[PDB]
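**Q** kindly return the folded structure for what I paste below:
(chains A and B, ligands or ions: 3)
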Protein chains: 2
Amino acid sequence: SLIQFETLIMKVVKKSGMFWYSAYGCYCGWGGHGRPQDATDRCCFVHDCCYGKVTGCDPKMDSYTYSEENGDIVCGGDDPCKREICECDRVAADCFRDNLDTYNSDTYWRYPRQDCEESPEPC
Amino acid sequence: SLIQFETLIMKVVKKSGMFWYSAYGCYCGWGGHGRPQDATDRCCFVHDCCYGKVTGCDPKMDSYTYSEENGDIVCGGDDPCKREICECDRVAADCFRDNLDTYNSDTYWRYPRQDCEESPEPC
Ligand SMILES: [Ca+2]
Ligand SMILES: [Ca+2]
Ligand SMILES: [Zn+2]
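**A** Residues are numbered from 1 along each chain as shown, chains lettered A, B, ... in the order given. Ligands and ions are numbered 1, 2, ... in the order given. Have a look at this structure:
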């Protein structure tokens, strides 16, 4: 669930997802349209694409399981659908951490809407 | 720290996953100027004032101590400066939660900046 996704960002990226990734670029935030503006923005585009390929459960409200093996996050596989949800959040959290080197809020925080008007890239 | 502030929002508002406070009104988000547009927005104005009235520690990166006795967040530790930071966060979180009935993101999410170019009133 979004609550877990939110907690995963703090655990893996060791940063606040609400105050650093809820209005970034063209896809980091609710919804999304246009083209991802950078690496962090592509992470969100992929996450949106991931949630959209999940069938058999709800990626926003359904809760999944996960543990910590060696400071890393492992998703529970007992329930097949929910593991697919965890993977979407897990892969996004790691994507944010690996791209911190180029995180550019100075430019993309509250990025003008006119910049995200193009038709979105296919998933 | 921002991570703790976010964690306190998740714990108090019990719905921090769908109610964001990163770009709401004139004061819920980075910076702040003009005047509170509503109740939630006033919660952020008072919070910004609370962070501005602190010296001796950093409210952004310093971590404070706190417990969850029952359902409340009790600020503790043995540092007046950090317990101050915790109180700024504790109050704001409750404020957000007590004003959920008025939360209006349809209107105030990504509120145009030109609507906040008035000089702010004193704290
Ligand atoms: Ca999005
Ligand atoms: Ca503010
Ligand atoms: Zn379109």
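
**Q** with adjacent residues omitted, what lies nearest to the residue in chain A that chain B sits nearest to?
**A** As assessed by C-beta to the nearest C-beta, chain B sits closest to residue A:2 within chain A, at 3.8 Å. (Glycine included, C-beta is placed from N, CA and C.) Distance criterion C-beta to C-beta, 6 or more residues apart in numbering or on different chains; nearest residue to residue A:2, sequence neighbours excluded, is residue B:17 at 3.8 Å.

**Q** list the contacts of that neighbour.
**A** Taking C-beta atoms under 8 Å, 6 or more residues apart in numbering or on different chains, we find residue B:17 in contact with A:1-3, A:5-6, B:10.

**Q** columns secondary structure and distance to residue B:51 on top of those, output as CSV?
**A** Below are those laid out as CSV (DSSP: H, G, I helix; E, B strand; the rest coil; distance: C-beta to C-beta, whole Å):
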residue, secondary structure, distance to residue B:51
A:1, coil, 30
A:2, helix, 26
A:3, helix, 25
A:5, helix, 27
A:6, helix, 22
B:10, helix, 19
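
**Q** need the residues you listed in JSON lines with neighbour count, can you?
**A** Listed next are those as JSON lines, based on neighbours: other C-beta atoms under 10 Å in any protein chain shown:
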{"residue": "A:1", "neighbour count": "17"}
{"residue": "A:2", "neighbour count": "16"}
{"residue": "A:3", "neighbour count": "16"}
{"residue": "A:5", "neighbour count": "22"}
{"residue": "A:6", "neighbour count": "23"}
{"residue": "B:10", "neighbour count": "17"}
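
**Q** so the residue of chain A closest to chain B makes contact with residue A:62?
**A** No: counting by C-beta atoms under 8 Å, residue A:2 stays clear of residue A:62, with 10.3 Å between them.

**Q** if I pick the residue of chain A closest to chain B, what's in contact with it?
**A** So residue A:2 contacts A:60-61, B:17-18 (C-beta under 8 Å, 6+ apart).

**Q** out of the residues you listed, who's the most crowded?
**A** residue B:17 (19 neighbours; other C-beta atoms under 10 Å in any protein chain shown).

**Q** sec struct for that one, please.
**A** coil (DSSP: H, G, I helix; E, B strand; the rest coil).

**Q** swap in residue A:64?
**A** From three-state DSSP, the assignment for residue A:64 is coil.

**Q** contacting residues for it?
**A** Contacts of residue A:64 (C-beta under 8 Å, 6+ apart): A:1, A:4, A:75-76, A:79, A:82-83, A:85-86.

**Q** many thanks, we can stop here.
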